[PDB]
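This report refers to the structure that appears directly beneath it.
Residue numbers (the entry's author numbering), protein chains in the order written: chain C, 2 to 47, 49 to 52, 58 to 321; chain D, 2 to 47, 49 to 52, 58 to 318; chain B, 2 to 52, 57 to 320; chain A, 2 to 52, 58 to 320.
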């Protein structure tokens with residue numbers, strides 16, 4: 002029958018932004034000093051809008072704020088080196104949005120002279136300058152995804168032995184039915200796909216994850232499939248809060264055993280940038296005969312041209 | 002010699018969005034039912051990005072959150088009617104950004120079914136439906152400004168007798184000299200004008216304010232001139248934090264007594280919408296012989312065409 | 002067989018501080034200015050309160070609202086609280102837990118002392134009725150004075166269950182003392198495992214373990230209150246009103262009674278984190294325990310006098 | 002004429018609780034395991050504490071300890087006891103006295119709740135540690151409190167070492183308004199400078215109390231160095247005297263050299279940590295210049311209540 006492995010190969014013509022995992026890989030191989038300078042240059046070169060509000064994150068930022076410049080620079084080398092320190096382990100314990108807010112606060116303090124700057128006239132190594140040109144050449148959604156993915160990977164491995172208790176964020180209540188937008192997708196009336204996108208746009212992660220088969224999977228961009236409603240809901244709650252999915256176009260094809268493959272293309276806006284960064288996205292669904300989601304992949308596309316790439320099975 | 006009044010008339014061909022103060026006046030005329038309905042349609046029709060995290064505003068938001076729907080509505084009517092109640096007096100005490108964050112939280116709660124909705128089947132009064140239509144046609148910058156000035160004037164007069172102690176926000180440290188961007192303006196090299204714009208983009212209001220005469224004046228769009236370095240400093244700290252001024256063009260003209268008048272056009276972005284709303288702005292400066300600002304007007308322009316009307 | 006009403010009459014001679022409800026009743030029939038003047042005399046003639058609840062966001066914001074008001078508007082809010090007027094502030098106050106209401110008034114008293122909140126007017130004279138109340142309070146013992154002040158400020162603002170009430174605020178549930186670090190009480194005259202289990206659980210804030218000692222339809226009757234029936238309601242009361250209580254029982258009698266039930270009376274003192282070892286309240290616990298050792302009924306009484314700690318009359 | 006040096010010897014009979022610095026010193030010679038065991042055994046006979059480290063830096067570092075596995079929590083406490091150079095120890099050093107005490111209070115409450123690692127089961131005090139515990143068990147209440155306070159305040163790093171972190175500041179409490187102040191009454195004494203000092207301190211009016219000192223006047227707290235000059239005295243009062251209640255009972259006034267007066271007062275001090283539970287037995291020894299300004303005041307924790315009656319004139 003159908004497996005997660007076979008579902009991953011649906012719509013083979015979908016062109017993803019492989020510049021993202023390429024640059025994240027190159028980035029990760031630089032020394033601490035290059036990584037930090039790249040983060041500063043990448044950040045500065047780029049319209050962000052903001058949480059590290061929570062008491063643990065706020066207090067560790069206050070610890071950094073009271074340190075002399077030399078001790079602040081050491082904390083940042085430790086995060087970029089993935090060193091074993093309590094600050095690195097606490098950073099590992101942070102949810103994605105707290106990691107992002109943590110870095111955003113350090114960037115603001117650097118610009119205010121509160122946190123040690125990159126050393127004036129600092130010289131990017133050859134490999135680092137290459138990485139920065141790679142980032143400059145990428146589109147807006149690719150640039151944000153490289154920055155996000157790079158800072159997320161800093162500090163210690165969060166599942167290594169002796170890991171600290173993972174921080175919990177409040178579940179934001181969903182938009183009430185009466186106030187939800189309903190998407191229209193040119194060429195698609197599939198109730199499961201419309202249900203998924205409408206529930207996600209409402210932050211209704213309970214209703215979105217209920218559409219999944221108990222052993223179904225969600226594959227985020229450039230990640231492994233996340234299997235089962237418990238782990239999918241956890242991913243949605245941590246990584247999909249306030250995403251706005253603006254689907255444009257789709258194709259639906261019956262496949263073997265009464266399953267249906269549906270491809271949708273459109274834009275996703277993140278609360279981090281609002282209407283200033285539309286990420287070019289594809290959703291690839293495999294839907295079972297009962298209308299349960301067996302698989303969905305979210306792909307960051309190479310360019311806006313890929314929004315028009317809806318090729319039927321040959 | 003110049004006065005604030007005579008300074009106000011510099012660059013007379015400048016076309017300001019009088020739709021904004023118009024629609025704002027219609028809005029103020031409406032009953033509370035129609036005012037709340039319009040706010041809600043505006044907040045739904047329009049990509050906002052954010058505050059009222061401060062203890063007073065947070066606790067008052069929690070008070071509204073625990074009320075039944077009927078008492079929540081009554082509070083919101085009291086704000087629209089500018090009634091004399093502790094909640095209205097506290098709201099009047101808030102800074103501009105706390106008032107905006109307060110209303111933003113109520114709109115998020117209404118969308119989540121935590122705060123009473125506008126009744127399905129509530130129908131706008133005729134006038135209200137006109138006011139709403141007038142807003143839909145106006146451009147983004149003008150819509151944001153209507154929405155801003157409407158909610159800022161809710162609750163009580165902040166300077167009335169019996170007013171509550173005004174709340175204060177933390178003064179944000181300016182951008183450090185090394186990390187500041189310097190603007191270029193086609194057709195302009197005035198050091199005072201460039202110094203004002205660069206200091207404001209760094210949130211360095213002490214440096215911007217030092218560019219004015221003792222009794223120098225700043226006139227925000229559709230407002231009374233603010234007179235004196237202390238009142239200007241107070242206004243910049245409350246209303247200009249995180250504004251990004253993106254001038255494109257300007258003209259300079261010598262006038263009487265060795266004064267200079269300079270008009271600059273371009274865009275301003277606000278942190279509330281970031282790069283998603285560039286408001287269309289002119290700055291009109293009257294500069295004294297020693298290079299001190301006597302007067303500067305900030306004007307919200309009729310349309311993107313006024314960006315070219317320097318003449 | 003036993004009912005809540007029959008259980009209420011166990012150990013008939015237990016003499017209770019009836020001056021508390023008397024004085025609480027009289028306090029509330031005074032006008033607002035007298036009520037405020039009397040509270041101010043208490044906070045001053047009793048400045049050994051060790052603390057605060059009201060740190061929580063709602064209570065902190067409403068305090069900041071009162072802080073920014075002019076003296077005339079602050080006095081008006083306190084009159085509204087004393088008059089139990091229908092206002093958002095009085096409805097919010099009504100929604101507070103006991104400890105938040107007490108911390109709220111505590112902050113207002115400190116702010117009055119600091120010149121931040123409008124004081125009782127210079128040389129205010131208590132009406133004759135108010136001087137009678139102050140006199141009764143003065144004649145009452147420490148444990149009784151603490152209860153009158155507590156029960157008086159709790160009853161201010163609006164009826165918390167009136168139509169149009171605001172959602173009740175919730176306090177974080179404090180984790181219990183772990184078993185290895187608990188004190189066990191020893192009570193002279195008593196080895197009843199249920200009674201000891203109850204007192205040790207409460208002194209550890211283990212309200213889940215205390216409530217599990219009750220029958221489904223078991224009741225807890227706090228001083229001068231209606232019985233609270235069932236494990237949900239009793240747990241909600243313990244969480245709100247028993248946090249950090251120290252029960253120092255001294256002596257008890259146990260008696261077998263009809264149907265294989267045992268009745269147990271215990272006397273002792275209770276300390277509250279508001280006053281610590283300062284104020285020991287003279288308390289009797291009256292327990293009716295079923296044949297399985299589950300609690301059917303327990304009354305907590307504030308006793309009329311310290312004599313009552315020896316009144317353990319059997320029959 | 003008078004020096005801080007000669008002032009220190011006024012009222013030579015006055016017997017102080019020398020057991021306090023004895024035990025503090027003994028305690029600090031023990032290894033980290035004995036130190037933590039003793040803190041727990043001492044704090045366990047002291048649940049009549051009635052209370058802070060509310061402030062964002064302290065709360066976040068407490069949340070950091072709370073999320074740590076037991077092994078890591080114990081290592082942080084060994085670092086504090088060993089005065090190791092770690093960011094946590096440097097932050098701890100930066101704290102005010104009351105934040106240091108609130109920090110240790112939170113860890114004690116967490117230990118009692120099973121949230122922080124206990125003293126290992128069966129743990130056995132070294133011979134020297136059992137000698138320290140015995141001395142603590144024998145000390146009166148005021149002396150036990152003082153030993154615990156001074157012990158925990160001296161943990162973490164040297165707050166004035168090279169590489170120190172920015173000192174945290176606490177909010178200054180508004181004083182009691184004059185209409186609501188108490189006036190003390192002292193048997194034997196109507197000295198307006200002594201009464202003015204005590205009444206001002208009881209109102210938290212540190213500015214008025216400091217204005218009673220000579221420019222180069224000194225305040226000598228129990229078992230500490232003399233604090234010299236109005237700015238230093240004001241900083242000390244703001245940090246360590248908030249909410250103290252002085253209850254002087256008896257005193258003697260003697261005219262001495264150079265137009266000076268010396269005044270000895272005995273009575274009690276209550277602390278907001280303990281309230282009316284613990285009244286510590288205190289003497290105040292004032293040297294007052296001819297203009298009525300304090301040249302020197304020592305506050306002594308007395309050896310026994312018998313010292314309350316040691317008021318002899320010569």
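Where a beta carbon is used, it is the ideal one built from N, C-alpha and C, also for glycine.
Rounded to whole angstroms, what's the CA-CA distance from residue i to residue j? Just pull it up for me.
| i | j | result |
| --- | --- | --- |
| residue 48 (chain D) | residue 240 (chain D) | There are no atomic positions for residue 48 (chain D) here, as chain D continues from 47 directly to 49. |
| residue 171 (chain D) | residue 86 (chain D) | 15 Å |
| residue 313 (chain B) | residue 16 (chain B) | 7 Å |
| residue 44 (chain D) | residue 59 (chain A) | 41 Å |
| residue 287 (chain A) | residue 74 (chain C) | 41 Å |
| residue 8 (chain D) | residue 195 (chain D) | 20 Å |
| residue 268 (chain D) | residue 105 (chain C) | 49 Å |
| residue 254 (chain D) | residue 292 (chain D) | 14 Å |
| residue 309 (chain D) | residue 107 (chain D) | 24 Å |
| residue 145 (chain B) | residue 26 (chain B) | 15 Å |
| residue 113 (chain B) | residue 68 (chain B) | 8 Å |
| residue 23 (chain A) | residue 260 (chain A) | 32 Å |
| residue 66 (chain D) | residue 57 (chain B) | 16 Å |
Grab the span of the alpha helix (DSSP H) containing residue i for me, first residue to last.
| i | result |
| --- | --- |
| residue 69 (chain C) | 62-73 |
| residue 82 (chain B) | 76-88 |
| residue 116 (chain D) | 103-118 |
| residue 97 (chain D) | 93-100 |
What are the boundary residues of the beta strand (DSSP E) that includes residue i?
| i | result |
| --- | --- |
| residue 271 (chain C) | 267-276 |
| residue 291 (chain B) | 286-294 |
| residue 257 (chain B) | 251-261 |
| residue 307 (chain D) | 300-307 |
CB-CB under 8 Å to residue i, same chain, minus the five flanking residues each way: which ones, in chain order?
| i | result |
| --- | --- |
| residue 38 (chain D) | 125, 129, 131, 135 |
| residue 307 (chain A) | 17, 18, 21, 148, 149, 152, 228, 229, 286, 287, 288 |
Within a Cβ cutoff of 7 Å, which residues of the same chain sit near residue i, ignoring the five residues on either side of it in sequence?
| i | result |
| --- | --- |
| residue 265 (chain C) | 296 |
| residue 280 (chain C) | 49, 50, 51, 151 |
| residue 179 (chain C) | 210, 248 |
| residue 198 (chain C) | 298 |
Sorted by chain position, which residues of the same chain lie with C-beta nearer than 6 Å to residue i's C-beta, five sequence neighbours on each side aside?
| i | result |
| --- | --- |
| residue 318 (chain C) | 14 |
| residue 92 (chain C) | 85 |
| residue 110 (chain B) | 158 |
| residue 116 (chain D) | 122 |
| residue 262 (chain B) | 268 |
| residue 216 (chain D) | 236, 239, 240 |
| residue 41 (chain A) | 125 |
Give a yes or no on whether the minimum CB-CB distance between residue i and chain G is below 8 Å.
| i | result |
| --- | --- |
| residue 172 (chain B) | Looking at the structure shown, chain G is missing, and the protein chains on hand are C, D, B and A. |
Could you check how far apart the C-beta atoms of residue i and residue j are, in whole angstroms? I think they sit under 8 Å.
| i | j | result |
| --- | --- | --- |
| residue 82 (chain D) | residue 229 (chain D) | That pair is no contact at about 28 Å. |
| residue 225 (chain A) | residue 303 (chain A) | 6 Å |
| residue 271 (chain D) | residue 282 (chain D) | Actually they are not in contact, since the Cβ atoms of residue 271 (chain D) and residue 282 (chain D) sit about 20 Å apart, beyond 8 Å. |
| residue 119 (chain A) | residue 182 (chain B) | 7 Å |
| residue 160 (chain C) | residue 29 (chain C) | 7 Å |
Relative to the ligand MG, is the shortest distance from any of its heavy atoms to the C-beta of residue i smaller than 7 Å?
| i | result |
| --- | --- |
| residue 283 (chain A) | The ligand MG is not part of this structure, which contains no ligands at all. |
Enumerate, from N- to C-terminal direction, the unbroken beta strand (DSSP E) stretches of 3 or more residues contained entirely within the region 126-159 of chain B.
none
Where are the beta strand (DSSP E) runs, 3 residues long or more, that stay fully inside the region 155-239 of chain A, in chain order?
219-226
What residue ranges within the region 7-42 of chain D form continuous alpha helix (DSSP H) runs of no fewer than 4 residues, ordered along the chain?
20-30
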